[PDB]
Each structure stands twice: as structure tokens, then as C-alpha cells.
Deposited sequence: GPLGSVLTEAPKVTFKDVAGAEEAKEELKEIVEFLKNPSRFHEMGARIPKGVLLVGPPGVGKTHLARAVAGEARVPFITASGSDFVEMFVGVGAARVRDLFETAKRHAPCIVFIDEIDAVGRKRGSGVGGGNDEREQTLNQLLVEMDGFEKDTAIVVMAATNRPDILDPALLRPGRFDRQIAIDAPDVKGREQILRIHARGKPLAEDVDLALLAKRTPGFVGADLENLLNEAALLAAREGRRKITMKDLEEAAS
């Protein structure tokens, strides 16, 4: 119902990607226009990249730049539910999404479903495939998923008509880094010498994971010494 609060303006970097998702955005705003023209869209987009680059953020950003709903689910939860239930819910997810088109359905950790872990997995994988093939030419709704290793994902998830469009996403740029830091740093008493702008400027190649431990780690070094604030030194030290 309520579109996200994130747009391509709040996503540092990923230029090459944002462009590719332009087409998807155009279709979620005017699904009738793309209908009239006799044009088709992939309807299955797998964002490819390493853990901690903000793939879900960009995904959520697509639903927001088109002011359309961002319906989410966890591929992992499904596989964790009694055999049959995980599938039942995949059935639900899409039956609800049909009722809120146009929209984006983000299946988180699609690797939980596509990668040979299992009765649950297989019943959840099968139900997802049918659901994605259960789409009509007039079905405004694009399914997005995220993964790091597309190679070992059941080939069926990638057959035309399903997740037949992939977009690579590299580690964040100095800004994407400054952002992740500023976030996690929330609730962490920093000293006056902490230059998060500079911290980001010197951790190239870092992913949201590396940038989250550095703070946590720098949090302990200071806690253990019983200091009330993380300083730029703790930060430099935590980095390695």
C-alpha cells in the first residue's frame, strides 16, 4: 500500500545498475503504457553481488522511485517452515502481490531456496517457479532477488520467464561507505576526532560487513579500556 521512502537519490553509487533498473521503474509507473505498446519486461531481476553492498536497499529504492509497494519475504524463513508450509506461503506472497499491482516482490536470500541445502527447499523452490510462470502479459509486478553466487543456484530460477536478468553490484563508493558508517555509528559515543568522512575515504573495497565490525571492534577496544567514547585511533586500530 504505502510506497517506500527510498529513491535513487539515497543510493550512493551503482550508476551502471540504476540505469538498467530505469526500464523497470518506467514499467511500474505506467504498466498500461507498456501494455498498449505490446512491449515486454523481464519481471525477474536478480541483483548480483557480495554480501553487504546494499542490494536490498537498491531494490527497495526501485519500489520507491516508482512510488509502488515493496512487498518482502525471506527465502530462508520458507525453508525453515514445516514441509508444505513454506510453499503455501510462497503461494500467498504472490496472491497478495497480485492484489497490489503494480509492485515489487523482494525475495530475500533466494539462495536458501535455490541452493541445494531438502523437502522444504524443493517444495518451496517448486512453488516459486510455478508462481513466476503464473504471470500474465498484463501482470504489473517485478520480482527481485539477491545473491552473491549465481553459478550454484538452480538453473531453473534463471530460465527465461523467471530470474532472467541479472545486475552486478560492486562494493560501495566513498559515499556509500560514509553512509553505512554513519548508520551503524548510531548509538556509539564517538569522540570529537572521529572523521567518518575520512574513515570512508580510506576503507576502499570494504563492504557493509567490514565497515560494521570495525566500529563494533573499535567499540570494545574503548569499552574494555573503560573509555566513554570511540576515538579515531580506535577506529584506525579496529580496521586490522
Deposited-sequence ranges lacking C-alpha coordinates, in sequence order: 1-7, 125-131
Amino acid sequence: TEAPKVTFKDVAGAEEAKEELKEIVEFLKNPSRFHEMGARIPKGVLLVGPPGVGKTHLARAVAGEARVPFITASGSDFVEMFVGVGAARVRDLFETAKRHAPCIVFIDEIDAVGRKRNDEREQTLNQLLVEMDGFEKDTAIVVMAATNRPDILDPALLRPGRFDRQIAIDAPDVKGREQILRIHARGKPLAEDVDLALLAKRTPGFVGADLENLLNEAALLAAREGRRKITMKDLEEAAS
From here on, numbers count along this sequence of modelled residues.
According to the deposited model, is the average Cα temperature factor higher in 145-153 or in 81-89? 145-153
As the entry reports it, the stretch among 30-38 and 58-66 with higher mean C-alpha B factor is 30-38
Reading the B-factor column for Cα atoms of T139, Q127, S76, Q166, the highest value belongs to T139
With respect to C-alpha B-factor, does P204 fall in the lowest, middle or highest third of the chain as deposited? middle
Based on the entry's values, in what third of the chain does the Cα temperature factor of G176 lie: lowest, middle or highest? lowest
Sorting the chain's CA B-factors, does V11 end up in the lowest, middle or highest third? middle
By the recorded C-alpha temperature factor, relative to the other modelled residues in its chain, which third is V194 in? lowest
How does the C-alpha B factor of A222 compare with the rest of the chain: lowest, middle or highest third? highest
